[PDB]
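Just the one chain here, laid out as structure tokens, in the form solved without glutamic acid (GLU).
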């Protein structure tokens, strides 16, 4: 049987296979022991560890019993049929590029708010999660930090998912603006250029769950994010929220400018929308969570590590079409010239990279360059591209 073949493959001319050997073999591929799809499996393993004082041998019966629950993924993992059969070498490349980026330095930690002028210019972490389930971490992959501007794609995806492409783009545009992200101006028919610049994001946040009050909207968006992050750590930075809402005069200017030109749906309180925008900008994340959200955007709109649907394919396709052409603002043309990937960046450090049909990635470094892009993150991106050949127009 297939289970017997798997048992023989795990073993090497032996009778019994210890549990720890199987756990190490499973973790070798890239999947984590905490994977929800494997939950039942591990539970049974615990039921096996409750009897023996130390160690247990699984020859024929117990192994089959533990592997019986949802025996689909294990066959693929041990048969190397995922999108990246070898994750151990790509991980080594992550480590090499990580050290290489660490060697460089020199920027200016954002100080427009005190909570941002609080991180030492030394935190530098990376996390990656494949569309299939593999995950890797290196460094500060559990420290908290605000998403800041990494959430705008997530706003757009949800809005067009709820309403659909046609209704939404009656309100925001479709084109790169060619200028900075915080510039006050609209396209030819007095509409936001795209939902990645701040004005487009401010108009977009007003299409989500219209009518109900901000508490219900935040509950809705947090629910969507939690099933986007795959039930990972998505939090709230109340200190950062309080700082941002007081140092966000540019966003208030953009919001009133939009409201004046009738860029909003019928019957909207603009100020509540701005407060909601700041709330979403103030969602704390760890490179693990932001990487998982990236992979969700990358996969199909589904979540990678839960086998779940979160967005309609049109929403995700449009979000990537907008991230590739506006993800890095007026620098995007250069980024896609060298990197050729959809990516987003937050002033609080952090780059969210999507390799469509491959993986998602988040890499965090507080100190900023003059553009607003973490030096080590940009360096990691360029080196990753040079060594892995991930440009969208590579051969």
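Residue numbers count along the first chain shown, from 1.
Below, we turn to the form deposited with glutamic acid (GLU) bound, even though it does not appear here.
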Which one, 244, 132, 288, 140, lies within 4.5 Å of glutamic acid (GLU) in the deposited complex by heavy atoms? 244
Answer key: of 206, 237, 198, 161, within 4.5 Å of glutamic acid (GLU) in the deposited complex (heavy atoms) is 198
Does residue 346 reach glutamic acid (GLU) in the deposited complex if we count a contact as any heavy atom within 4.5 Å? yes
Does any part of residue 323 reach within 4.5 Å of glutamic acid (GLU) in the deposited complex? Heavy atoms only, please. no
How about residue 335: is it within 4.5 Å of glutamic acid (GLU) in the deposited complex, going by heavy atoms? no
So, in the deposited complex, is residue 281 in contact with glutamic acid (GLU) at a 4.5 angstroms heavy atom limit? yes
Tell me the stretch among 206-214, 148-156, 75-83, 297-305 that has any heavy atom within 4.5 angstroms of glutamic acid (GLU) in the deposited complex. 148-156
Which residues, if any, of 247-273 lie within 4.5 Å of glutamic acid (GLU) in the deposited complex when only heavy atoms count? 251
